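**Student:** Before I ask anything, let me first share the structure, which is written out below as structure tokens.
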Amino acid sequence: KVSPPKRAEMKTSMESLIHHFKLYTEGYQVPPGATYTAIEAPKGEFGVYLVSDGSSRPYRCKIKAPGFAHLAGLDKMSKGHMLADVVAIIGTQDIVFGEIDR
Amino acid sequence: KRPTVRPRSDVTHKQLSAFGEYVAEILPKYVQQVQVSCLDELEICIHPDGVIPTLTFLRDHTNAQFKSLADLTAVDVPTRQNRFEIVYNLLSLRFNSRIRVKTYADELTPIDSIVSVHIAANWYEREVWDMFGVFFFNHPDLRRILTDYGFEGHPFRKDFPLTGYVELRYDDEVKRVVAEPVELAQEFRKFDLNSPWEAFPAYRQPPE
Amino acid sequence: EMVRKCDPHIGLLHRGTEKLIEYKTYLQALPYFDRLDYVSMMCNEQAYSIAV
Amino acid sequence: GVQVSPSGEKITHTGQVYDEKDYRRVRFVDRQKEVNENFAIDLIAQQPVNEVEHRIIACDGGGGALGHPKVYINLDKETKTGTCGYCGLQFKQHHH
Amino acid sequence: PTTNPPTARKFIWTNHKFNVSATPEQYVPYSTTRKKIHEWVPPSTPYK
Amino acid sequence: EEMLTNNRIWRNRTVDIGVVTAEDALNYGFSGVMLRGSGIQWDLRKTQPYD
Amino acid sequence: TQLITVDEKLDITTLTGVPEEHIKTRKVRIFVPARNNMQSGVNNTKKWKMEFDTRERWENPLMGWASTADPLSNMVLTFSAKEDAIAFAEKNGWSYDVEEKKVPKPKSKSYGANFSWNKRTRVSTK
Amino acid sequence: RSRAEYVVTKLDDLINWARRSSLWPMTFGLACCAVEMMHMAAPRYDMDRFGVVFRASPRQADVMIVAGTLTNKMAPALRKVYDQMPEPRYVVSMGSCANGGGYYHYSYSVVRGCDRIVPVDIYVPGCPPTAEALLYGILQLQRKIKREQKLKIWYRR
Amino acid sequence: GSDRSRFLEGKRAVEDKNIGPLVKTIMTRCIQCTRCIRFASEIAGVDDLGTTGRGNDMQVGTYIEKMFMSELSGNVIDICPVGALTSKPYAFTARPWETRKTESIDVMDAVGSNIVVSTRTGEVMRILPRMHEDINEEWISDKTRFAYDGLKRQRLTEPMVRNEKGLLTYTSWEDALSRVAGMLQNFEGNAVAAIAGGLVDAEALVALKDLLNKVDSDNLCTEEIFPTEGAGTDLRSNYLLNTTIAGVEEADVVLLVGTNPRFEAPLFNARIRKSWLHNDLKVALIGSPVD
Amino acid sequence: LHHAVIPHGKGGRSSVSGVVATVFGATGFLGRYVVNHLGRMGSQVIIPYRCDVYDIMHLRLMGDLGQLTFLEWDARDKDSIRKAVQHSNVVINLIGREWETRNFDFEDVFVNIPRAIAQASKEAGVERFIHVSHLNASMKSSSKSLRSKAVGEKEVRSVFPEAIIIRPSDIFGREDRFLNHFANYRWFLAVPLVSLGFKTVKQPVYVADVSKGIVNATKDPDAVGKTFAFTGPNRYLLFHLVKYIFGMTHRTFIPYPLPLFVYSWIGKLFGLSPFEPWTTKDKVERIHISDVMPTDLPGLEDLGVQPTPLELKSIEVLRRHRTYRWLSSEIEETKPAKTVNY
Amino acid sequence: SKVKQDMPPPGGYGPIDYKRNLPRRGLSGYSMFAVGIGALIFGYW
Amino acid sequence: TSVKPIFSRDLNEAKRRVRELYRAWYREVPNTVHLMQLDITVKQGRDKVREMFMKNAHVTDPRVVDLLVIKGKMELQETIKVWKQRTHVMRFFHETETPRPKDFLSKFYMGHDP
Amino acid sequence: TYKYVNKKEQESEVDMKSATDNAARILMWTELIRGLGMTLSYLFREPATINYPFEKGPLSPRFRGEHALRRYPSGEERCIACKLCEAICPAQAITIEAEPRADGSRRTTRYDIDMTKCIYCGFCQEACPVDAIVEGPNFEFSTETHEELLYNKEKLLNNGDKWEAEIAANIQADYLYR
Ligand SMILES: NC(=O)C1=CN([C@@H]2O[C@H](COP(=O)(O)OP(=O)(O)OC[C@H]3O[C@@H](n4cnc5c(N)ncnc54)[C@H](OP(=O)(O)O)[C@@H]3O)[C@@H](O)[C@H]2O)C=CC1
Ligand code: SF4
Ligand code: SF4
Ligand code: SF4
Ligand code: SF4
Ligand code: SF4
Ligand SMILES: [K+]
Ligand SMILES: [Zn+2]
């Protein structure tokens, strides 16, 4: 009811095929509620705030990126410095921009 | 014992319940609700007037020490009067804990800004204003941070369409990148992936 | 070349992935995270999978 | 097999073909309309009917897990063959 | 594929084709579904 | 490390560049390698372990 | 000092950023969605929904896909109350048509009616 | 045929050989696909072996490789950096985002393909397209610009 | 249910039936819930389906090669929970998550059954009933259910005008409206008249009525005949189902004069049969004896 | 009509308008704006080309996917012409040169190619043909090009009798050879006009307005068989036009009265070049002939286009030719040239 | 059949080095300044 | 029918903020046209600013007027510090957009939209 | 646990030998010379560059490349129009229109895969219950126009017929894991 069964079990068993059909069309239903999960990404604390209404699609998914707060803190880091020091700061904050912009 | 179900520890639940009673009796002026989830997460729902005292107390109190802002988030629920629910996820490194502070707002009642409490709230509230249209009082520079310049409307709202209203293309008469009303070669096919049978009896609303 | 103010204008790689994840199912929203951080792929998958 | 229209263009296996007065053959002007040479309905038509001895046969398309889900076909009608809904193979009960 | 040849099928391509882009035998998309709404054909005989 | 770590050019490029204090990092919401560089003993894998 | 009074209808159409034609020329439906008769489950008849009127959906020349020109075609919104949907629609400035909730009528069900001595509800098969 | 048109064909071959042996891209990339682009630059595939050298400014560039998703905020900048290149300029779209919007095709802030902004010569499909397929696309671009007959069209004018 | 099966044996298979080109039967999928049998026995009123056999070999259907068509025969496709009784026109066409649902009203008859039109990518794919306890309950007639495919054939797409040869040729809206408007301003009141058919809404009716009244025409006729003597259309009770369908449920004697309600209004006749089953309705008929 | 040619949508990029137009001069200056308007409103545009794929490649973004069909063609290949016009209901002819090549000259380009295109269009039975001639190309003009265009007008009207003939004035735009030509007189010492640029009246017309008029002629049922005159709103003398051009350029103004025969001699001297010439003889008398007064011919108002003035659409095309010093100058910094009624 | 699965060897994998390894090469300072000064004096002479 | 104000207690100081924002926009238009190479004239840009204020001029709720003033100040600041480009500024005039006619006959002849 | 990356333990005091070593390190560029030595060692190493296109990088049988529609050994198309590939396709790059065939078989009439929308994620080939849609390991299918990447049923069936000696062998080698 959450993870799809094996293909042999799908092709030889009824309820495995039913579960495969419903998982790969509708998907598993998450019980309603909210959570915040923080995982030590190499760039920092990658967090996700997930809100589910009880359906098979999430109601809300906020993506906390460490690089977003780091680039918010870029301005304080670059006080009293030059252009090469700015590019050094950009490098050492370990910035990728997909997770920042979302 | 059971390899499928997640193990549950009651000591974290009791500790978070005790701290919830602690915060609720310290701040009865603003705190509206205190709950502990089954996933061992503590949520305190406060009045919008109590954002500054609640955040300052949780940051600076000896027993709280929630000195780190994990994130600041808005959730659009367009069926209640104050549709934007503002969520503050905070982390205490001293006690190794995580707390969630919730409050409410609508399109016309702004809430106070906590740049004076946490500095990450600057960009986080800029994102929240840009995506949901919740104004923030006494902000240093509140403006758009992720949408394009001159973008009309707040795109993370519920009533905003997924594809949007306007689209860009290069026009050769004016030699510019111009904006025109949205028109798709293939429309996004919405799917009704909602089963007509109740999945969770524990979350059954009583009939109206 | 002394810098006095830095103002990083961002959103130049913004795609509304939160709204798209909201509009799609959980397994459908799984590969969005690799493209969130395309250098920390399995870390993102681990984060989303642990949350779900 | 692949048949041609009076306009001169080849007809797909689903029956789609552009009309004489379509403006959409200019996409095939100086190019080609790519069509499948092998027709699935003809290829399944060439396959002989499998003559089995049991009243209910089981089909998986061959290869076990490499085929289709295993389905059971009831070969009670002697006036028609039972066809697998997945693979299209036909089966006939041997009453002799 | 000289000690372990692949399985031979009747529908497989006996002649391999490389990438045919910007070449007259390139691929052109088209809608493979037939016409949906068939119009009413007016009669060829006048009413008067 | 042979190419970069003991290199005086790299040390002139990196040492005393972009210094941030622990209190400033905590207030600004920094995480991961930056808190560790500032000296804050914090790691998610060691404090709130997963898997 | 910190609390004023207004006697208006809370119009925010200038603030939502929607273009004028999609405010004035659009019609919305507030309704409890009817139960899909291919199933007996009635969990989808619990929440009110607001949808928009259907605009033109034409055929693409290149592939025959469903090309559209409106943005508010897949937009459906979920409400816990009909009056809440009214409040949201009047706040966003859309003209609305409201269908009342069609509750199924309570029915007298008895297994002994299948086997009546004189009455006509006796069934001839099982 | 006549002697002069054989000569102008040979000069076409020479100019196209120069333009395909020297193909300098602009240092431009946006995303996942740009990571795969710099993985082509990695020593395994060696665009430098193939004769392809990065130059940061568009004035020293030959080919513009759209590597990532083209957002509404990025589109005027992309059109700018395309227009400021000199005339012998080519475009390699990279990945599903740059070809047709890709995984964000139904987004409010993503244009559905970089061909809506700049004229694209070669589309490389994939998400991400591997550096193998990228080296393939670069070689296909070299063959395409070898196939041009500029001086021959000028002579036949 | 569970998520894995302990069944390691072989499954049964049942030969398919041929009850008609409307209801396609793949009876291996049947779970023997007798819903179709009870529907045909009570609402359709045909007694043409049943269970033949015993034990695991019990099969639902017709023992003989019988073509099962009455009215209201797509509701077995509705109420069959498994896909044993499917719709042959709808066969292999679309999926329910694809199909957008539009709540509309039937116009195939005058009952006014609440329906859902299921459309996929700007094309009508299915017709389903809607739950309205006061009109049609949960069912629609077969013409209502399967008449949607007539909207894809013999359809007028462009305006036509008579040629000088006398043939109809395609033209523009401006040209067609200019010709009709020129003739309208040419002709006076009584010389202009109009006849309305059956699949016409009240919007077009009042539109054309207002246009003819502005050109001083009162010959606003319909194809269907009602007696204009006496009150006629003046009193609204003179031409209405005043007792209504709840009154069909409530009444105890019903006299049907000059009508065949089974084919004129199938859901009305279905409610009459429901009252006949439950409330012991006394039904009498003046007219030709029909089933 | 046909079911695939019925218009649909709101007229955007992905809409269908039912215009299947074979545009023959789409690789030129007016052709790019014409194909831009057609692709923007949503149309199946067939572009026959003879230049390179890179040369036509700037046209590739100007419509939706699959709405532009590029086909190689030759002016001496009737097979290529009929395969280009085979599937169309509008055929637009913009073929033209401002000089003579060793393969194609004025009479070929302005007579034989339009006659062949019109003959192929009549054989294929297209509904509409639009041919772009030039204004004041009546007959017996001082230039070979206008006499050739008059003969081409007569040939097109003979072959396809209901052709929409559009005669625009000296079209100005970003890639034009009129305003850019006058501004590129600044590379020489003076501006050598004939009779100091007086008694020569010109009323230029904007390329966007010409293209909009062409598109409205494709979609206008009242335009069939007519000759339109695409003229600007204001008439200027040549001297005042050059003065206003150099005022917007902010370069200088040194006019010079130089006689017509020797100015045509140096125009021929410039035109004797294997490349695209800077100016030609036919160019210099086509510059120095006046433009006639359009009295009976219908115009841009009748086709629904309000003619944008040169004073409003002049700074987007001359800001390149300014130096750094006068680059950030607005519209009002230059005095507009005085208009003449005659 | 016995399950075949992607498994490490029963004796485990070998030791993987992870510490930083600076080779500590080069000569002492005294000798190399001695060579430098010797070069200076020889060149001067 | 009683709410918390944002900045303006009533409509008059909201109109005062509107007037100040209009003053700033009117002063900024010539500098914008001079800095970014705009084809338009100064008087045309002032027409644009005036008609944007006129489309927004129908609202009488003080909080909504305050929020429109705040958005206008944000837009103005994006015009002061050059973050909009020529395209972003020139998107207001809709010069590449063919306008939909408002006549019923034209709306009938184009398509099915009302 | 934790460790220090830049903090030193106590001090090494001041000694004449240590001072002279530091003086040599400053003056004679010793770390620069050892960086030169490492750089020269990489010069005298063997390069890791393969000779494209005559050499190709290694791959796995699990590789996700160009899409294809397979067949049964009988020649019948494996697809049965169940649209699970659409219902799980995250980018909505698959469009299916279907109707019964002339023999009553459930077959697709339109099967379009927009490869400019596709993210090459294998969800269709792992959701297909009959192994009809597959991602064959062809990745060298870059085109020169945007239209040529808009695949239809005929193009995908041609791909399945072309790469059948490839895809069947890859599924045979890999299928026991899935
Ligand atoms: N220029 C102006 O201001 C005015 C122009 N006109 C007329 O309008 C038309 C379009 O104008 P414009 O863009 O300036 O013209 P161009 O000089 O730019 O050429 C127009 C097109 O004609 C093609 N062409 C020319 N000669 C040949 C030939 N021998 N064989 C095949 N194709 C050929 C060119 O293709 P390619 O580049 O491949 O050779 C080009 O695409 C012309 O007929 C012109 O006379 C009328 C009034 C004013
Ligand atoms: S196509 Fe895929 S890999 Fe490339 S930028 Fe888009 S999401 Fe990333
Ligand atoms: S309704 Fe369907 S499942 Fe039930 S008995 Fe009839 S055929 Fe079988
Ligand atoms: S979908 Fe339902 S009725 Fe159809 S085969 Fe599966 S379980 Fe049986
Ligand atoms: S999942 Fe497979 S069988 Fe089902 S529709 Fe898609 S390709 Fe066909
Ligand atoms: S690989 Fe993924 S994105 Fe591509 S067609 Fe398959 S399911 Fe869709
Ligand atoms: K059923
Ligand atoms: Zn089978």
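Chains: A, B, ... in order of the structure tokens. Residues: from 1 per chain. Ligands: from 1, in order shown.
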When you get a sec, could you note down which chain K residues fall within 12 Å of chain F, using only C-alpha atoms, as number ranges by chain?

**Tutor:** K: 19-25

**Student:** Go ahead and write the residues just picked, N, CA, C and O atoms, as a PDB file, in the first residue's frame.

**Tutor:**
ATOM      1  N   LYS K  19      43.184   9.193   6.597  1.00  0.00           N
ATOM      2  CA  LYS K  19      43.908  10.321   7.159  1.00  0.00           C
ATOM      3  C   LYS K  19      44.675  11.058   6.067  1.00  0.00           C
ATOM      4  O   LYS K  19      45.003  10.503   5.015  1.00  0.00           O
ATOM      5  N   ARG K  20      44.954  12.332   6.324  1.00  0.00           N
ATOM      6  CA  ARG K  20      45.797  13.096   5.416  1.00  0.00           C
ATOM      7  C   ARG K  20      47.234  12.599   5.508  1.00  0.00           C
ATOM      8  O   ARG K  20      47.712  12.222   6.583  1.00  0.00           O
ATOM      9  N   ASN K  21      47.916  12.568   4.366  1.00  0.00           N
ATOM     10  CA  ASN K  21      49.254  11.988   4.268  1.00  0.00           C
ATOM     11  C   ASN K  21      50.158  13.010   3.580  1.00  0.00           C
ATOM     12  O   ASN K  21      50.317  12.998   2.359  1.00  0.00           O
ATOM     13  N   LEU K  22      50.741  13.896   4.371  1.00  0.00           N
ATOM     14  CA  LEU K  22      51.798  14.760   3.864  1.00  0.00           C
ATOM     15  C   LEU K  22      53.114  13.992   3.860  1.00  0.00           C
ATOM     16  O   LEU K  22      53.497  13.431   4.892  1.00  0.00           O
ATOM     17  N   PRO K  23      53.813  13.922   2.724  1.00  0.00           N
ATOM     18  CA  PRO K  23      55.009  13.064   2.637  1.00  0.00           C
ATOM     19  C   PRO K  23      56.165  13.508   3.518  1.00  0.00           C
ATOM     20  O   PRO K  23      56.992  12.663   3.882  1.00  0.00           O
ATOM     21  N   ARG K  24      56.234  14.795   3.877  1.00  0.00           N
ATOM     22  CA  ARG K  24      57.339  15.397   4.629  1.00  0.00           C
ATOM     23  C   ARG K  24      58.652  15.167   3.866  1.00  0.00           C
ATOM     24  O   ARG K  24      59.477  14.309   4.171  1.00  0.00           O
ATOM     25  N   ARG K  25      58.734  15.866   2.743  1.00  0.00           N
ATOM     26  CA  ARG K  25      59.897  15.809   1.879  1.00  0.00           C
ATOM     27  C   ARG K  25      60.769  17.043   2.094  1.00  0.00           C
ATOM     28  O   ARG K  25      60.535  17.854   2.994  1.00  0.00           O
TER      29      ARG K  25
END

**Student:** Based on only C-alpha atoms, which of the residues in chain G come within 12 Å of chain C? I want them as a ChimeraX atom specification.

**Tutor:** /G:74-76

**Student:** For the selection you just gave me, I'd like the residues written to a file as a tab-separated table (two decimals), in the first residue's frame, keeping C-alpha atoms.

**Tutor:**
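What follows is the written file out_0.tsv:
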chain	number	residue	atom	x	y	z
G	74	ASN	CA	-7.91	23.46	-14.00
G	75	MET	CA	-8.58	25.76	-11.03
G	76	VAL	CA	-10.80	24.11	-8.42

**Student:** Please determine the contact residues of chain C with respect to chain H at a cut-off of 12 Å, counting only C-alpha atoms, and supply them as a PyMOL selection string.

**Tutor:** chain C and resi 9-21+23-24+28-29+31-41

**Student:** Identify all chain E residues at most 6 Å from chain I by counting only C-alpha atoms; ligands do not count. Present them as a list in words.

**Tutor:**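 Going by the stated atoms only, the list reads residues 37, 38, 39, 40 and 46 of chain E.
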
**Student:** List all protein, DNA and RNA residues that have any atom at most 7 Å from ligand 1, counting only C-alpha atoms and all ligand atoms, and write the list as a VMD selection string.

**Tutor:** (chain H and resid 157) or (chain J and resid 24 to 31 49 to 51 74 to 75 94 to 98 104 109 132 to 135 167 to 172 176 to 178)

**Student:** Please, which residues of chain G lie no more than 12 Å from chain D when the count uses only C-alpha atoms, and can they be set out as a list in words?

**Tutor:**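 For chain G, the answer reads residues 60, 61, 62, 63 and 64 of chain G.
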
**Student:** Taking only C-alpha atoms and all ligand atoms into account, which residues have an atom no farther than 6 Å from ligand 5? I'd like them as an NGL selection string.

**Tutor:** :M and (79-85 or 127-128 or 130 or 132-133)

**Student:** Just the number, please: distance in Å from atom CA of residue L:111 to atom CA of residue I:213, one decimal.

**Tutor:**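 Going from atom CA of residue L:111 over to atom CA of residue I:213 covers 28.3 Å.
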
**Student:** Output the contact residues of chain I with respect to chain L at a cut-off of 10 Å, based on only C-alpha atoms, as a tab-separated table (two decimals) with N, CA and C atoms, in the first residue's frame.

**Tutor:**
chain	number	residue	atom	x	y	z
I	172	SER	N	-19.39	33.07	-44.74
I	172	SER	CA	-18.98	33.70	-43.49
I	172	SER	C	-20.20	34.10	-42.67
I	173	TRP	N	-19.96	34.31	-41.37
I	173	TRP	CA	-21.01	34.75	-40.47
I	173	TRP	C	-21.54	36.12	-40.87
I	174	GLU	N	-20.65	37.01	-41.31
I	174	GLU	CA	-21.07	38.34	-41.75
I	174	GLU	C	-22.01	38.25	-42.95

**Student:** Could you give me, as an MDAnalysis selection string, each residue of stretch 43-87 of chain G that DSSP assigns to strand (DSSP E or B) when run on this structure's backbone?

**Tutor:** chainID G and resid 48:52 57:59 66:68 76:79
